[PDB]
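> how would this look folded up:
(one chain, ligands or ions: 3)
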Amino acid sequence: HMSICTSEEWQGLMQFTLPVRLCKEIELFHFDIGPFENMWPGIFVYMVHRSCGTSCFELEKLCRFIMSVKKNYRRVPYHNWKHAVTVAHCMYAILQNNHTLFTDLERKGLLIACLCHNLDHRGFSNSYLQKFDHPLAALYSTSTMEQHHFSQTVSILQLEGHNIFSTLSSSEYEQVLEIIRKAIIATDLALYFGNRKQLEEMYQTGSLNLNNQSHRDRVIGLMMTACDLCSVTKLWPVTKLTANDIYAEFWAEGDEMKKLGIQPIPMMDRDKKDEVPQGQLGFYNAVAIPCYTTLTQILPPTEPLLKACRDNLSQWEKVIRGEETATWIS
Ligand SMILES: Nc1ncnc2c1ncn2[C@@H]1O[C@@H]2COP(=O)(O)O[C@H]2[C@H]1O
Ligand SMILES: [Mg+2]
Ligand SMILES: [Zn+2]
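Numbering: from 1, shown residues only. Ligands and ions are numbered 1, 2, ... in the order given. Find the structure here:
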């Protein structure tokens, strides 16, 4: 079932205090949690506290929840614990910069959803699971892994002393689970294209209405896409190192397909590394840029994410022109 953290782990987290220098840097969109590994769990506690309040969650349960969540992420190159905290931080920055647009319930729901959005990911895409008729694909027809992630999230909430949302009234509890369910399902990039087109149409015609729940859900879904893809909004060196991880996981999937007599797409073929630059260019133009463009239109304060994404697009074009540099990989 769900692995549970040790007492030394959650008890230790309770004693964590974010270093003063970081309190400032953590508020900016470009912040990279990368050089602070031992602090990731504590950084998440900190964001929840600043955004939701010191007493929003019983500290003990929060720390147990966080450490058990960390324990249930796998040792894969990309969809791991590091990614979870990175996505949660982007959400934190978005919420901080648009604080009163979102209810207390949605903020706590969204930060938790981001921390658990890829829970128990095994390193295999929906394409893989569905093409090899894996049990998960049978259980979950569409958004296969995303539905699994949500199921895992609730499972962890049900562990003894892990339910941070239990003090919520019966209706708010149901509400927060729905916010979390929709948010995590929104990370299925397949759904992003339609969501973005709908929001773009709503925004341009003037139909967009944040008081309209159906509209709210779409905005939140886009925010989720924005946070999931946030590596393209970090300083170039950071963006490049993360791209290496993204491909390490995709190539591993490609190697498995080969072993089973199925050739993988170029992107998952480690024998086609030369096409990465062009592949990323395609991704920014078809996905990232449109995403941050629409998000900025709806939530002006998120403007920095679009500016950063555009700067990285420019770096990939520079790579393609034959003006690359500094090649360091751990
Ligand atoms: N540089 C990139 N960063 C993030 N996602 C990427 C990138 N390039 C391609 N993608 C795709 O975008 C998807 C985002 O969600 P996933 O992690 O499920 O899978 C990712 C890949 O299929
Ligand atoms: Mg995912
Ligand atoms: Zn993710």
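> who in this structure is up against ligand 3?
118, 228 (C-beta under 5 Å from the ion). (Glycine included, C-beta is placed from N, CA and C.)
> Enumerate the residues of the chain near ligand 1.
79, 189, 228-229, 231-232, 243, 246, 280, 283 (C-beta under 6 Å from any ligand atom).
> Show the buried residues in the residues you listed.
Neighbour counting over the residues of the chain next to ligand 1 (16 or more other C-beta atoms under 10 Å) leaves 79, 189, 228-229, 231-232, 243, 246, 280, 283 as the buried ones.
> Need these in CSV (columns: distance to residue 321).
CSV is the format used below for these (distance: C-beta to C-beta, whole Å):
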residue, distance to residue 321
79, 31
189, 28
228, 29
229, 24
231, 22
232, 19
243, 18
246, 22
280, 14
283, 18
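> Format the residues you listed as TSV; extra columns: secondary structure and distance to ligand 2.
What follows is these, written out as TSV (DSSP: H, G, I helix; E, B strand; the rest coil; distance: C-beta to the ion, whole Å):
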residue	secondary structure	distance to ligand 2
79	coil	6
189	helix	8
228	helix	7
229	coil	11
231	helix	13
232	helix	15
243	helix	16
246	helix	12
280	helix	18
283	helix	15
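> Can you get me a residue count around the nearest residue to residue 201 once chain neighbours are set aside?
Closest residue to residue 201 in three dimensions, ignoring its sequence neighbours and counting by C-beta to C-beta, 6 or more residues apart in numbering: residue 207, at 7.4 Å. Around residue 207 there are 12 other residues, counting by other C-beta atoms under 10 Å.
> before we move on, what about residue 319?
Residue 319 sits with 17 neighbouring residues when counted by other C-beta under 10 Å.
> ok, it touching residue 277?
Yes: using C-beta atoms under 8 Å, residue 319 is in contact with residue 277, at 4.7 Å.
> gap between the spatially closest residue to residue 4 that is not a sequence neighbour and residue 2?
Beyond its immediate neighbours in the sequence, the residue positioned closest to residue 4 (C-beta to C-beta, 6+ apart) is residue 68, lying 5.4 Å away. Distance, residue 68 to residue 2, using C-beta to C-beta, to the nearest Å: 7 Å.
> any idea how far residue 150 is from the residue of the stretch 1-150 of the chain found nearest ligand 2?
Each residue of the stretch 1-150 of the chain has a distance to ligand 2, by C-beta to the ion, and the smallest belongs to residue 118, at 4.6 Å. Residue 118 is 11 Å from residue 150, where distance means C-beta to C-beta.
> What of residue 246?
In terms of C-beta to C-beta, residue 246 sits 23 Å off from residue 150.
> just residue 70 next, same as before
To residue 150, residue 70 is 18 Å away according to C-beta to C-beta.
> With neighbour numbers in mind, choose between those two.
For residue 70 versus residue 150, the count of surrounding residues by other C-beta under 10 Å is larger for residue 150: 23 against 20.
> which residues touch that one?
By C-beta atoms under 8 Å, 6 or more residues apart in numbering, the contact set of residue 150 is 116, 180-181, 184-185.
> With neighbour count and secondary structure as extra columns, can I get those residues in TSV?
Putting the contacts of residue 150 into TSV (neighbours: other C-beta atoms under 10 Å; DSSP: H, G, I helix; E, B strand; the rest coil) gives the following:
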residue	neighbour count	secondary structure
116	26	helix
180	25	helix
181	19	helix
184	27	helix
185	19	helix
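> and the two most separated of those?
Maximum pairwise distance in the contacts of residue 150, criterion C-beta to C-beta, is 12.4 Å, between 116 and 185.
> quick one: which of the residues of the chain next to ligand 1 is nearest residue 176?
Looking across the residues of the chain next to ligand 1 and measuring by C-beta to C-beta, the closest to residue 176 is residue 228, at 20.0 Å.
> State the number of residues packed around the residue lying closest to the closest one once chain neighbours are set aside.
Closest residue in space to residue 228, ignoring its immediate chain neighbours: residue 187 at 5.1 Å, by C-beta to C-beta, 6+ apart. By other C-beta under 10 Å, 23 other residues sit near residue 187.
> Provide a list of residues in contact with the residue of the stretch 1-150 of the chain found nearest ligand 1.
Residue of the stretch 1-150 of the chain nearest ligand 1, by C-beta to the nearest ligand atom: residue 79 (6.0 Å). Residues touching residue 79, when contacts are defined by C-beta under 8 Å, 6+ apart, comprise 73, 118, 121, 123, 249.
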